[PDB]
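4 protein chains.
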Amino acid sequence: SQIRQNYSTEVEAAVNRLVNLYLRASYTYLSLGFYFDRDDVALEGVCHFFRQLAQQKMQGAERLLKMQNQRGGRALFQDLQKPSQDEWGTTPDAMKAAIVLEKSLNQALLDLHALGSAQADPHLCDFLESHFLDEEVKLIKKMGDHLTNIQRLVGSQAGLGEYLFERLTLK
Amino acid sequence: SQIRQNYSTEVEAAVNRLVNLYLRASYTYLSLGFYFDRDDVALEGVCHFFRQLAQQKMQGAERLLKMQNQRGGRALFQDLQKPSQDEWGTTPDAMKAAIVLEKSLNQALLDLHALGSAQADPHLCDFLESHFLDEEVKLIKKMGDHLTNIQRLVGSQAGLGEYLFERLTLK
Amino acid sequence: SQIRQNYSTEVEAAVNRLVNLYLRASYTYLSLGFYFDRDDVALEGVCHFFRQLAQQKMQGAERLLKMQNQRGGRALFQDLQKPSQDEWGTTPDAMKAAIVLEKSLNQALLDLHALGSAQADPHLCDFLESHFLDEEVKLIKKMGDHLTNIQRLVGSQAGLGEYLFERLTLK
Amino acid sequence: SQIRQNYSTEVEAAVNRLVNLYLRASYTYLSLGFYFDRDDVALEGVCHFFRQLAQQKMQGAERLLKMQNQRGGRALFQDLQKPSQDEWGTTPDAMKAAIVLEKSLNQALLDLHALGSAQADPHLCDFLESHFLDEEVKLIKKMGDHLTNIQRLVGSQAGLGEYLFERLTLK
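Chains as they are written, first to last, in the authors' numbering: chain U, 2 to 172; chain C, 2 to 172; chain E, 2 to 172; chain D, 2 to 172.
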């Protein structure tokens with residue numbers, strides 16, 4: 002490559018794995034979104050929440066691919082495993098699942114940052130910090146808030162609590 | 002002092018004590034606000050309510066200090082005791098606590114007004130009346146209203162009532 | 002905590018100590034501001050300078066508390082020690098004091114950053130860099146500039162130099 | 002009088018004396034203003050300061066007369082003694098004189114308020130509080146600030162300090 006500089010093969014590979022992880026998260030959220038659009042589920046604010054997250058993860062993938070090219074590395078795609086469930090249960094089940102998913106993305110980010118720090122790759126480390134690590138922290142906090150509110154509502158009376166949460170918290 | 006006139010040492014001292022009381026109330030509300038921002042509490046309208054009150058009490062302190070200087074007295078600061086609790090319970094627990102706190106500030110105002118009246122200090126008495134006594138009455142009435150509504154809601158079903166109050170009453 | 006991830010107990014504790022330090026700095030600046038509002042001191046541009054800094058430090062505290070909650074840690078407040086002086090001397094005395102105070106806040110930031118780097122906490126490290134470390138550097142430079150100008154003016158003729166600095170440099 | 006109610010002859014008389022005091026203060030400020038307009042004094046910001054105060058005191062007189070009529074009392078005017086000096090010295094001399102004058106007006110206000118309180122005349126007491134007592138406190142604080150600044154400047158080098166104060170503090 003005419004441009005590649007201070008960009009290790011280990012980081013290149015790790016960035017390709019992370020792209021796969023973001024794409025797979027996007028796919029997961031797409032499934033979650035359309036489950037909540039089912040006529041027998043019918044929670045539009047929940048559908049919209051997860052569809053917006055599908056878009057966000059696809060944007061993260063695209064930003065990682067842009068950077069891979071900026072650095073002179075080469076994007077390599079792998080098969081995308083389908084989401085872990087076909088049906089996602091109640092709102093709290095789905096929010097727990099999303100938190101698990103985001104924590105796994107955050108751990109992959111942290112691992113990538115440790116690797117870049119080990120390879121002395123300050124551009125990679127700043128990239129991740131600027132665009133990814135704070136967005137994860139903020140989203141996980143928002144999801145944790147939502148879980149606490151859903152849990153508090155479905156303790157009381159489950160159907161009514163799910164409706165109220167979708168109507169009064171979700172867009 | 003070149004400006005001091007009809008301003009007793011007793012009032013000067015009492016005004017410094019009241020500044021400490023307002024600052025300590027501010028600190029209390031700051032704690033209350035951030036407890037309701039915890040991911041395992043997660044009541045944003047409650048957080049916002051108490052953060053606005055923290056700002057209001059700090060403003061009261063600053064107004065008392067401005068007056069102390071206008072009169073030729075001298076501000077003296079003391080240590081600020083931390084708030085009485087680390088965790089604030091449910092919304093009704095927190096609102097009861099705030100009412101207790103505001104009643105104690107109102108009693109300090111009333112005591113200061115009695116002292117100024119005993120010292121024949123009509124400026125002090127008008128100052129307190131204009132900026133402090135009516136604001137307290139109004140805030141305590143608002144808090145009492147909120148407690149009545151929260152209590153009526155958490156009698157029914159506690160988690161659901163707390164959510165509805167934060168969503169439909171609080172900003 | 003349902004959200005906590007890669008957030009050590011050491012950092013949590015250190016962040017709570019830093020909140021105390023920012024609050025105490027705020028309190029210090031509040032005292033400084035109101036001393037310069039005394040009728041026998043009467044330097045309005047100096048009062049305004051320190052009152053704006055009191056607000057800024059309170060904002061720093063609030064941002065640290067927001068982050069502590071975003072990460073799943075728990076805010077704990079301690080008593081706030083009163084400021085180190087009741088009377089702050091001349092403008093140069095007060096500016097020296099503020100520089101000492103800001104250097105101590107900057108060292109606490111640097112210490113916290115070293116701890117986060119030791120605990121491999123890149124979010125904490127980016128947080129501090131983005132919001133705190135550059136603001137400190139910039140403010141200390143501004144204070145150093147002010148001290149140099151005040152010192153150059155009060156070498157000449159002290160009362161006149163203090164007035165000119167407040168009128169022609171301070172807002 | 003068809004309207005007079007709870008308005009003692011003592012208060013009526015005291016209000017007429019206070020009108021005389023305000024008019025005489027106005028006259029004093031008029032003299033002060035025109036002394037600073039002399040070609041051999043020539044401090045325009047000082048002239049403007051005292052001319053604005055002459056207008057303010059005349060406004061206070063007119064407000065006291067409006068109230069005397071609102072209450073059913075009867076205005077009675079007495080001769081106005083000329084100001085205590087023909088020439089007013091330096092800026093600090095003149096500011097000291099104004100502070101002495103305002104303290105004497107404030108004491109007359111306080112005396113009138115004590116009398117109204119003794120006669121159980123709450124309208125009079127609120128009138129004085131609303132329109133007069135806080136305006137005095139604020140003006141005396143402003144004058145005290147000015148004296149401190151002038152004194153600090155004329156300690157250094159008297160002619161230069163007087164000029165700088167008129168240019169950089171006064172409108």
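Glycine is no exception: its CB is placed at the ideal position from the N, C-alpha and C atoms.
Chain order gives no chain E residues near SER85(C), where near means a beta carbon separation below 7 Å; the closest approach is about 11 Å. Beta bridge pairing from DSSP links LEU81(E) with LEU81(C). Of the residues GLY34(C), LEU111(C), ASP112(C), the one whose Cα lies closest to the Cα of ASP87(C) is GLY34(C). A buried status is given to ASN17(C), since no fewer than 16 other beta-carbon atoms sit within 10 Å of its beta-carbon.
Per DSSP, reduced to three states, the secondary structure at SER32(D) is helical.
Under the 8 Å Cβ criterion, the region 136-147 of chain U does not count as touching the region 76-86 of chain U, having fewer than three qualifying pairs.
Non-local C-beta neighbours of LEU81(D) in its own chain, meaning closer than 8 Å and more than five positions away in sequence, comprise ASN21, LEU24, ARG25, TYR28, ordered along the chain. A Cβ-Cβ contact shorter than 8 Å links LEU165(E) with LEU154(E). Residues of chain U whose Cβ lies closer than 8 Å to the Cβ of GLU11(C) do not exist; the shortest such Cβ separation is about 50 Å. Secondary structure of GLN6(C) (DSSP, three-state): coil. Distance from the CA atom of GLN152(U) to the CA atom of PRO93(U), rounded to whole angstroms, is 7 Å.
By the rule that beta-carbons nearer than 8 Å mark a contact, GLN60(C) does not touch chain E. Membership of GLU130(C) in any alpha helix (DSSP H) is not indicated, and neither H nor E is assigned to it by DSSP. Within 7 Å of the CB of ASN107(U), the CB atoms of chain E belong to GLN6, in sequence order along the chain.
Using a C-beta cut-off of 8 Å, the region 63-72 of chain C makes no contact with the region 34-51 of chain C, since fewer than three inter-stretch Cβ pairs fall below that distance. Chain-order list of chain C residues neighbouring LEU81(E): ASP80, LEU81, by C-beta distance under 7 Å.
Taking C-beta atoms under 8 Å as the contact rule, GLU13(C) and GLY61(C) fail to qualify, at a distance of about 18 Å.
Secondary structure remark: continuous alpha helix (DSSP H) runs of at least 4 residues inside the region 83-164 of chain U, in chain order: 92-119, 123-129, 135-157.
Distance from the CA of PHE133(D) to the CA of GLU167(E), rounded to the nearest whole angstrom, comes to 31 Å.
Taking C-beta atoms as the reference points, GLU11(U) and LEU125(U) fail to come closer than 8 Å. Comparing C-alpha distances from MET144(C) to each of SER9(C), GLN3(C), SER2(C), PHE51(C) shows the shortest one belongs to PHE51(C). Going by beta carbons, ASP41(E) and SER9(C) fall outside the 8 Å limit. Chain E has a Cβ within less than 8 Å of the Cβ of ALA115(U). At least 8 Å separates the CB of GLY46(C) from every CB of chain E. Residues of the region 92-103 of chain U whose Cβ lies closer than 8 Å to any Cβ of chain E, in chain order: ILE100. Closest option to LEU66(U), judged by alpha-carbon separation, among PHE128(U), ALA95(U), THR91(U), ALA98(U): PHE128(U).
Each residue's CA atom was taken as its position, placing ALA76(E) and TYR30(U) some 33 Å apart. Excluding the 5 residues flanking it on each side, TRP89(D) has same chain C-beta neighbours closer than 6 Å at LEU33, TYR36, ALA95, in chain order.
The contact set of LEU134(U) on chain E, defined by CB atoms closer than 7 Å, consists of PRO123, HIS124, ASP127 in chain order. Residue contact check for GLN120(E) against chain U: no CB pair falls below 8 Å. Inclusion of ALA121(E) and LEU19(E) in the CB contact set at 8 Å is not warranted, their separation being larger than that value. For the pair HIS114(U) and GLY162(U), the Cα-to-Cα distance works out to about 40 Å. Rounded to whole angstroms, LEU102(E) and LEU54(C) show a C-alpha spacing of 28 Å.
Per DSSP, the unbroken alpha helix (DSSP H) holding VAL47(C) starts and ends at 45-71. Apart from sequence neighbours up to five positions away, the residues of its chain that approach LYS97(E) with a beta-carbon distance below 8 Å are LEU148, ordered along the chain.
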